[PDB]
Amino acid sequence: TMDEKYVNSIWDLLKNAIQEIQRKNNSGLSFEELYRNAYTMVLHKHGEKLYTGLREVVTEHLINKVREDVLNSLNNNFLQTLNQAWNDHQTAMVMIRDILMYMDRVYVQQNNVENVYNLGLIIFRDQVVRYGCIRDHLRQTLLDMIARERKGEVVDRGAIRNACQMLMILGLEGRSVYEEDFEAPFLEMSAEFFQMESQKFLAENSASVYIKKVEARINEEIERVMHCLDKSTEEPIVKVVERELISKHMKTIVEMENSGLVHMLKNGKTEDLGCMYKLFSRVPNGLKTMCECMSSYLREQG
């Protein structure tokens, strides 16, 4: 095995260089030299050794250094630290994929494996962002900010936005990671909050005010998506507002004894009736519900 040793030899140079880049020591390196070595492995049918080597050198760094760095920052500038590790790794992987460019062109697709950058993304995703303790802390930090901003507090909206975008990219041009790690609990947590909110609003004891309070709630949640969250979450958060605050309480809003639609429809409140039509038209059977309470009333007169 002497061709073994030659290829081991070339891998050895690369691995060393890769590690320097990981420690941001790249200035001393030669792009020509590194690219040429990487090219020579693939050219000689050893793309697998190169590919599986790249996997270990990147996995080793993320486990040992990047993750420890993040775990050192729970409850201590956690988001800034995660985002900083995210940017460093993006910069590193951009240098690395380029040195291994020949591989992305000649080996990767032909062998049904992820290109270099995406293999990079997959490891960051699985080793840092989805490490047990980090994943928990990311999720509750984000949710806790949203829940406090709801209550009046002022929170870093940029930080949330950076965290979401990251989750997006980690899903490989799809929303699977953002959805599972952030969106699914966001809605679930949001639903709990709205249902509680509906109980407050119903103490205020006016239909038109409940209806207005809901109109403003939908708008707050849309402006929060546009500014903090992935835009693909707009419709989903709007459906939960509508379910929790309209579909689950619509008969109760419509048949209210003094402020109910019948009360409006006799006390000549055209605007309020209008505000009520706009809101109920959003959900299944919302108008059918209004038309029913109206119909009984119209029927009763004679």
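Residue numbers here begin at 1 and follow the sequence given.
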Which of 254 to 262 and 62 to 70 has higher mean CA B factor, as the PDB entry lists it:
254 to 262
Regarding 290 to 298 and 20 to 28, which shows the higher C-alpha temperature factor on average in the entry?
290 to 298
Tell me which of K212, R97, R139, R125 tops the list for C-alpha B factor in the record.
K212
At the C-alpha atoms, which of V241, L34, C275, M41 reaches the highest B-factor in this entry?
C275
Chain third (lowest, middle, highest) by recorded CA B-factor, residue given as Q109
middle
Sorting the chain's CA B-factors, does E197 end up in the lowest, middle or highest third?
middle
By the recorded C-alpha temperature factor, relative to the other modelled residues in its chain, which third is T81 in?
middle
Please rank the C-alpha B-factors of the chain's modelled residues and tell me whether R130 sits in the lowest, middle or highest third.
lowest
Quick check for you: using the entry's CA B-factors within this chain, is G268 in the lowest, middle or highest third?
highest
